[PDB]
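Visitor: Please find one structure pasted underneath; my questions will follow.
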Number of protein chains: 2
Amino acid sequence: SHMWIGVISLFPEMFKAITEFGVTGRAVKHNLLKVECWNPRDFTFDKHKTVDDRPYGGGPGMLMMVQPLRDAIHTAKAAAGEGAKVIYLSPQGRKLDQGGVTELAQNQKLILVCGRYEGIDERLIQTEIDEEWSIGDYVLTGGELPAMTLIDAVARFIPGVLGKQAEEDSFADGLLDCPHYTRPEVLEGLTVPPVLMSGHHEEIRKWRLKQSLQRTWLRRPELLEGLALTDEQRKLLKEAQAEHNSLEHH
Amino acid sequence: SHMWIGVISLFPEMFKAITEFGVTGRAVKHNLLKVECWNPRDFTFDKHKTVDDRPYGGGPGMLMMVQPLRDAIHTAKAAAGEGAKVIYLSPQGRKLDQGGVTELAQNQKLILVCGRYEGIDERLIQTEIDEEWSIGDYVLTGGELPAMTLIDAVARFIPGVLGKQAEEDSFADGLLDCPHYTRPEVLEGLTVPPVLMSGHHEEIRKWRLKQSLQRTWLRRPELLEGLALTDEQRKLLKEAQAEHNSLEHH
Ligand SMILES: Nc1ncnc2c1ncn2[C@@H]1O[C@H](CSCC[C@H](N)C(=O)O)[C@@H](O)[C@H]1O
Ligand SMILES: Nc1ncnc2c1ncn2[C@@H]1O[C@H](CSCC[C@H](N)C(=O)O)[C@@H](O)[C@H]1O
């Protein structure tokens, strides 16, 4: 085992999406990744298990009820033992990116608090949360999907998780990935770049790095401006741009 | 019914995460949102239902097998009838944001192609995809979570989906949301801003807009620079900054 993740959520079963399918399901099944959930609903005392409450100053929407949510978080922290980083999923937190992913991957223990409705009391955040994280500048119905997004992302780093089907993928080296092809040789009248059929290992390597650089330049120029390229990368980028400026475009 | 979403995925059951829980589950259960899936595996012809293949030029990783994936996509398009926008979930696509969400919400029909492994043949993308979308600058194990992220986001716009527990949330007006409080009056020694207890509707309104502006200014200044504030917003932003510059900080 390498990573334990505690989760606070009103919809615990949603997490089977990552715990029972694909490489993440595999990682969980083989104890490389542990995911335990605590539902605030189970900590309610009223006959109707109320997990929401009215915000002071009213307004539209409801907030998660404090007591049930706080008790679930404390219970989760009790099981986590010491060293767990408590994270609140929020569109107002640090926007996630590969760098943030690798940073989060360093933790051995995590606790992810998933909100619902309008969110949670701001005092809870100040007193129970270590960091706030967002998966992007958009709003979802709850923290569950974002929490799973975070888990899936950091799971790719746990040793033994990925197989023969990672270090070449987008943002890995700060660059987008190159295009890839497979059978058939001709698809809808389109062929595979001859070099990928030539079997020239070194040439194929350069073609891929060149494409990785060109695509980053064309789609995410700001990324290039941020990276410090090696001599070879600066040479392949020059060639990729030169090749592009040599052809007609749409 | 208002939106039909066709999905191509090797793990169809993952989608129960959104189709059977919360407001999205509710929206599906009540036919406001329709989600149909097609698994490429069901289109395989070999004894072992192979859905992956070796990339030309080799390298690490596998690609989704073309024929099974292409047949699933065509079948999905056949059911979609005409007018469906075909989307490929990819970390190299247009980065998602609220604006993009509202744009995507205009479509009545969507088809979301979820990749696995290293991805899919670049020719398939050129011949079957209308647009590529990313949920953020990080890499996940598959397109399923990103696809669900997209669905959940656009579902918030379908009429009848959200209830009394949306227009006040972050990015709605381009600004982050304000803090919110609920019972108890005192939490861990922390009290609720008196104004939220005063019951002064107009004052509470300004407090919320001011906080929304201050938080955006402090956390996402670039967003402010992009927005065109109204007179009242420019006045409340001035006050929020002035109030902040009047206190000690950590
Ligand atoms: N972009 C995203 N990243 C992480 N969590 C998100 C998210 N979008 C929504 N959430 C989660 O889903 C919940 C319901 S959305 C309510 C959001 C809140 N009023 C705001 O504007 O800050 C939030 O409490 C949060 O836990
Ligand atoms: N940020 C994200 N947004 C949308 N889809 C993503 C994603 N991260 C991963 N994927 C999805 O999961 C799949 C496995 S990840 C393989 C990614 C590919 N080599 C690249 O670098 O472009 C991708 O095919 C895609 O469908």
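Labels for the structure tokens follow display order: chains A, B, ..., residues from 1 in each chain, ligands from 1.
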Quick one: which chain A residues come within 8 Å of ligand 2, and what is the nearest atom pair for each with the distance in Å to one decimal, counting only C-alpha atoms and all ligand atoms, rows ordered by chain and ascending number, as a tab-separated table?
Guide:
```
residue	atom	partner	partner_atom_place_in_ligand_line	distance
A:166	CA	ligand 2	19 (N)	7.4
A:168	CA	ligand 2	19 (N)	6.8
A:169	CA	ligand 2	21 (O)	3.6
A:170	CA	ligand 2	21 (O)	3.7
A:171	CA	ligand 2	21 (O)	7.4
A:176	CA	ligand 2	21 (O)	6.0
A:177	CA	ligand 2	21 (O)	4.3
A:178	CA	ligand 2	22 (O)	7.3
A:179	CA	ligand 2	22 (O)	7.9
```
Visitor: Go ahead and save the residues from that selection, with C-alpha atoms, as a PDB file, in the first residue's frame.
Guide:
```pdb
ATOM      1  CA  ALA A 166       2.603   7.820 -18.708  1.00  0.00           C
ATOM      2  CA  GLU A 168       5.139  10.705 -22.431  1.00  0.00           C
ATOM      3  CA  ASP A 169       1.672  12.144 -21.754  1.00  0.00           C
ATOM      4  CA  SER A 170       0.761  15.846 -21.921  1.00  0.00           C
ATOM      5  CA  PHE A 171       2.262  18.152 -19.274  1.00  0.00           C
ATOM      6  CA  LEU A 176       1.488  18.304 -24.932  1.00  0.00           C
ATOM      7  CA  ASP A 177       1.720  14.727 -26.158  1.00  0.00           C
ATOM      8  CA  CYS A 178       2.361  13.906 -29.819  1.00  0.00           C
ATOM      9  CA  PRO A 179      -0.234  12.291 -32.127  1.00  0.00           C
TER      10      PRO A 179
END
```
Visitor: For the contact check between stretch 121-156 of chain B and stretch 139-142 of chain A, emit one row per residue of stretch 121-156 of chain B within 12 Å, containing the shortest atom pair and the distance in Å rounded to one decimal, counting only C-alpha atoms, chain then rising number order, as CSV.
Guide:
```
residue,atom,partner,partner_atom,distance
B:135,CA,A:139,CA,11.7
B:146,CA,A:140,CA,11.8
B:148,CA,A:140,CA,10.1
B:149,CA,A:140,CA,7.3
B:150,CA,A:140,CA,8.8
B:151,CA,A:140,CA,9.3
B:152,CA,A:140,CA,6.0
B:153,CA,A:140,CA,5.1
B:154,CA,A:140,CA,8.7
B:155,CA,A:141,CA,8.9
B:156,CA,A:141,CA,7.4
```
Visitor: Would you mind exporting the chosen residues as a PDB file, in the first residue's frame, restricted to N, CA, C and O atoms?
Guide:
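To be explicit, this is the file written out as selection.pdb:
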```
ATOM      1  N   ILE B 135     -10.704  19.118 -19.183  1.00  0.00           N
ATOM      2  CA  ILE B 135     -11.272  19.669 -17.956  1.00  0.00           C
ATOM      3  C   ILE B 135     -10.184  20.351 -17.150  1.00  0.00           C
ATOM      4  O   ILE B 135     -10.457  20.902 -16.098  1.00  0.00           O
ATOM      5  N   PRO B 146     -13.790  13.052 -16.876  1.00  0.00           N
ATOM      6  CA  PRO B 146     -13.927  14.337 -17.577  1.00  0.00           C
ATOM      7  C   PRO B 146     -15.289  14.453 -18.265  1.00  0.00           C
ATOM      8  O   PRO B 146     -15.897  15.523 -18.296  1.00  0.00           O
ATOM      9  N   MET B 148     -18.061  12.988 -17.312  1.00  0.00           N
ATOM     10  CA  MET B 148     -19.061  13.192 -16.273  1.00  0.00           C
ATOM     11  C   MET B 148     -18.981  14.616 -15.734  1.00  0.00           C
ATOM     12  O   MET B 148     -19.997  15.206 -15.359  1.00  0.00           O
ATOM     13  N   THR B 149     -17.769  15.164 -15.702  1.00  0.00           N
ATOM     14  CA  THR B 149     -17.572  16.525 -15.232  1.00  0.00           C
ATOM     15  C   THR B 149     -18.314  17.446 -16.185  1.00  0.00           C
ATOM     16  O   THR B 149     -19.009  18.373 -15.769  1.00  0.00           O
ATOM     17  N   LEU B 150     -18.167  17.176 -17.473  1.00  0.00           N
ATOM     18  CA  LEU B 150     -18.818  17.989 -18.480  1.00  0.00           C
ATOM     19  C   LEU B 150     -20.338  17.876 -18.383  1.00  0.00           C
ATOM     20  O   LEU B 150     -21.044  18.883 -18.411  1.00  0.00           O
ATOM     21  N   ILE B 151     -20.843  16.654 -18.248  1.00  0.00           N
ATOM     22  CA  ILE B 151     -22.286  16.445 -18.149  1.00  0.00           C
ATOM     23  C   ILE B 151     -22.865  17.151 -16.923  1.00  0.00           C
ATOM     24  O   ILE B 151     -23.862  17.867 -17.018  1.00  0.00           O
ATOM     25  N   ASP B 152     -22.239  16.941 -15.771  1.00  0.00           N
ATOM     26  CA  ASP B 152     -22.706  17.554 -14.535  1.00  0.00           C
ATOM     27  C   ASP B 152     -22.763  19.075 -14.665  1.00  0.00           C
ATOM     28  O   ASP B 152     -23.726  19.713 -14.234  1.00  0.00           O
ATOM     29  N   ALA B 153     -21.727  19.648 -15.265  1.00  0.00           N
ATOM     30  CA  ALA B 153     -21.654  21.093 -15.447  1.00  0.00           C
ATOM     31  C   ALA B 153     -22.782  21.657 -16.317  1.00  0.00           C
ATOM     32  O   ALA B 153     -23.409  22.657 -15.942  1.00  0.00           O
ATOM     33  N   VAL B 154     -23.045  21.023 -17.467  1.00  0.00           N
ATOM     34  CA  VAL B 154     -24.104  21.490 -18.366  1.00  0.00           C
ATOM     35  C   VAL B 154     -25.498  21.142 -17.847  1.00  0.00           C
ATOM     36  O   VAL B 154     -26.478  21.772 -18.233  1.00  0.00           O
ATOM     37  N   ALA B 155     -25.590  20.144 -16.974  1.00  0.00           N
ATOM     38  CA  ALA B 155     -26.887  19.745 -16.434  1.00  0.00           C
ATOM     39  C   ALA B 155     -27.470  20.828 -15.535  1.00  0.00           C
ATOM     40  O   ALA B 155     -28.687  20.978 -15.451  1.00  0.00           O
ATOM     41  N   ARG B 156     -26.599  21.587 -14.877  1.00  0.00           N
ATOM     42  CA  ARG B 156     -27.029  22.657 -13.985  1.00  0.00           C
ATOM     43  C   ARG B 156     -27.821  23.719 -14.743  1.00  0.00           C
ATOM     44  O   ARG B 156     -28.533  24.524 -14.144  1.00  0.00           O
TER      45      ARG B 156
END
```
Visitor: Using only C-alpha atoms, which residue out of A:143, A:40, A:226, A:193 lies closest to residue A:88?
Guide: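 Comparing A:143, A:40, A:226, A:193 against residue A:88, the winner is A:143.
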Visitor: For chain A, which of B:137, B:46, B:36, B:173 is the closest residue, counting only C-alpha atoms?
Guide: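 Once distances to chain A are computed over only C-alpha atoms, the minimum belongs to B:137.
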Visitor: Give me the residues of chain A that have any atom at most 8 Å from an atom of ligand 1; for each, the nearest atom pair and the distance in Å, rounded to one decimal. Use only C-alpha atoms and all ligand atoms, sort by chain and number, and format it as JSON lines.
Guide:
```
{"residue": "A:88", "atom": "CA", "partner": "ligand 1", "partner_atom_place_in_ligand_line": "26 (O)", "distance": 6.7}
{"residue": "A:89", "atom": "CA", "partner": "ligand 1", "partner_atom_place_in_ligand_line": "5 (N)", "distance": 4.0}
{"residue": "A:90", "atom": "CA", "partner": "ligand 1", "partner_atom_place_in_ligand_line": "5 (N)", "distance": 3.5}
{"residue": "A:91", "atom": "CA", "partner": "ligand 1", "partner_atom_place_in_ligand_line": "1 (N)", "distance": 3.7}
{"residue": "A:92", "atom": "CA", "partner": "ligand 1", "partner_atom_place_in_ligand_line": "22 (O)", "distance": 5.6}
{"residue": "A:93", "atom": "CA", "partner": "ligand 1", "partner_atom_place_in_ligand_line": "4 (C)", "distance": 7.4}
{"residue": "A:95", "atom": "CA", "partner": "ligand 1", "partner_atom_place_in_ligand_line": "3 (N)", "distance": 7.9}
{"residue": "A:113", "atom": "CA", "partner": "ligand 1", "partner_atom_place_in_ligand_line": "26 (O)", "distance": 7.2}
{"residue": "A:114", "atom": "CA", "partner": "ligand 1", "partner_atom_place_in_ligand_line": "26 (O)", "distance": 4.7}
{"residue": "A:115", "atom": "CA", "partner": "ligand 1", "partner_atom_place_in_ligand_line": "26 (O)", "distance": 3.4}
{"residue": "A:116", "atom": "CA", "partner": "ligand 1", "partner_atom_place_in_ligand_line": "14 (C)", "distance": 4.3}
{"residue": "A:117", "atom": "CA", "partner": "ligand 1", "partner_atom_place_in_ligand_line": "14 (C)", "distance": 4.9}
{"residue": "A:118", "atom": "CA", "partner": "ligand 1", "partner_atom_place_in_ligand_line": "16 (C)", "distance": 4.0}
{"residue": "A:119", "atom": "CA", "partner": "ligand 1", "partner_atom_place_in_ligand_line": "24 (O)", "distance": 3.5}
{"residue": "A:120", "atom": "CA", "partner": "ligand 1", "partner_atom_place_in_ligand_line": "24 (O)", "distance": 6.3}
{"residue": "A:133", "atom": "CA", "partner": "ligand 1", "partner_atom_place_in_ligand_line": "4 (C)", "distance": 6.1}
{"residue": "A:134", "atom": "CA", "partner": "ligand 1", "partner_atom_place_in_ligand_line": "3 (N)", "distance": 3.6}
{"residue": "A:135", "atom": "CA", "partner": "ligand 1", "partner_atom_place_in_ligand_line": "3 (N)", "distance": 4.4}
{"residue": "A:136", "atom": "CA", "partner": "ligand 1", "partner_atom_place_in_ligand_line": "1 (N)", "distance": 4.7}
{"residue": "A:137", "atom": "CA", "partner": "ligand 1", "partner_atom_place_in_ligand_line": "1 (N)", "distance": 5.5}
{"residue": "A:138", "atom": "CA", "partner": "ligand 1", "partner_atom_place_in_ligand_line": "1 (N)", "distance": 4.9}
{"residue": "A:139", "atom": "CA", "partner": "ligand 1", "partner_atom_place_in_ligand_line": "8 (N)", "distance": 3.7}
{"residue": "A:140", "atom": "CA", "partner": "ligand 1", "partner_atom_place_in_ligand_line": "8 (N)", "distance": 3.9}
{"residue": "A:141", "atom": "CA", "partner": "ligand 1", "partner_atom_place_in_ligand_line": "14 (C)", "distance": 4.6}
{"residue": "A:142", "atom": "CA", "partner": "ligand 1", "partner_atom_place_in_ligand_line": "12 (O)", "distance": 3.1}
{"residue": "A:143", "atom": "CA", "partner": "ligand 1", "partner_atom_place_in_ligand_line": "11 (C)", "distance": 3.8}
{"residue": "A:144", "atom": "CA", "partner": "ligand 1", "partner_atom_place_in_ligand_line": "11 (C)", "distance": 7.4}
{"residue": "A:145", "atom": "CA", "partner": "ligand 1", "partner_atom_place_in_ligand_line": "5 (N)", "distance": 7.9}
{"residue": "A:146", "atom": "CA", "partner": "ligand 1", "partner_atom_place_in_ligand_line": "4 (C)", "distance": 5.0}
{"residue": "A:147", "atom": "CA", "partner": "ligand 1", "partner_atom_place_in_ligand_line": "4 (C)", "distance": 7.3}
```
Visitor: Quick one: of A:197, A:187, A:175, A:111, who's nearest to residue A:223, counting only C-alpha atoms?
Guide: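 For residue A:223, the nearest of the candidates is A:175.
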Visitor: Residues within 12 Å of stretch 84-87 of chain B, please, as a ChimeraX atom specification. Count only C-alpha atoms; anything in the same chain fewer than 3 positions from it doesn't count.
Guide: /B:3-8,73-74,76-81,90,93-94,103-115,124-134,143,146-147,150-151
Visitor: To one decimal in Å, tell me the separation between atom CA of residue A:49 and atom CA of residue A:10.
Guide: 11.3 Å
Visitor: Nearest to chain A: which of B:75, B:24, B:50, B:98 is it, counting only C-alpha atoms?
Guide: B:98
